[PDB]
Amino acid sequence: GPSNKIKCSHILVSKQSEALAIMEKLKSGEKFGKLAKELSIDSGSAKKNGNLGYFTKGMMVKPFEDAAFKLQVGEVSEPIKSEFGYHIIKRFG
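Start counting at 1 in the sequence shown, then tack on 60, and there's your number in our numbering.
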């Protein structure tokens, strides 16, 4: 059907070793929020485990929204280096 919005998260870091670790750490069987509540330097994200819930095109930045919905159901996005840093978008649906 018509998919306007979708569930996804986000995590901001200062080093790629941290952002990229979001796809490696969880690989063991951890929780995304477990890293979003720490790594996420964004004051307005670490409080919600980087879980922004449902979003759409126009509620985020270019270097984020683009690869924010291009992911699959439960897939992690690459460390997109932006003005805020590496963005780790992860869909949850």
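Just so it is clear, CB atoms sit at the ideal spot from N, CA and C, and this is done for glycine as well.
Quick check on residue i: does DSSP put it in helix, strand or coil?
i, result
"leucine 72", "strand"
"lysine 150", "strand"
"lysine 67", "strand"
Use the C-beta contact count for residue i: other C-beta atoms within 10 angstroms, 16 or more gives buried, fewer gives exposed.
i, result
"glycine 61", "exposed"
* Meets three-Cβ-pair contact criterion under 8 Å: the segment 115-129 and the segment 91-100 -> No: the two stretches stay apart, fewer than three of their Cβ pairs being nearer than 8 Å.
* **Completely contained alpha helix (DSSP H) runs for the segment 88-137, where each covers 4 or more residues** => Here the runs fully enclosed are 92-96 and 122-125.
* Count the C-beta pairs between the segment 61-75 and the segment 145-153 that are closer than 8 Å, then say yes if the count reaches three, no if not. => Yes, since at least three Cβ pairs between the segment 61-75 and the segment 145-153 fall closer than 8 Å, the two stretches touch.
* contact_flag[the segment 68-85, the segment 141-149] where n(CB pairs < 8 Å) is 3 or more -> Judged by pairs of C-beta atoms under 8 Å, the segment 68-85 touches the segment 141-149, as three or more such pairs exist.
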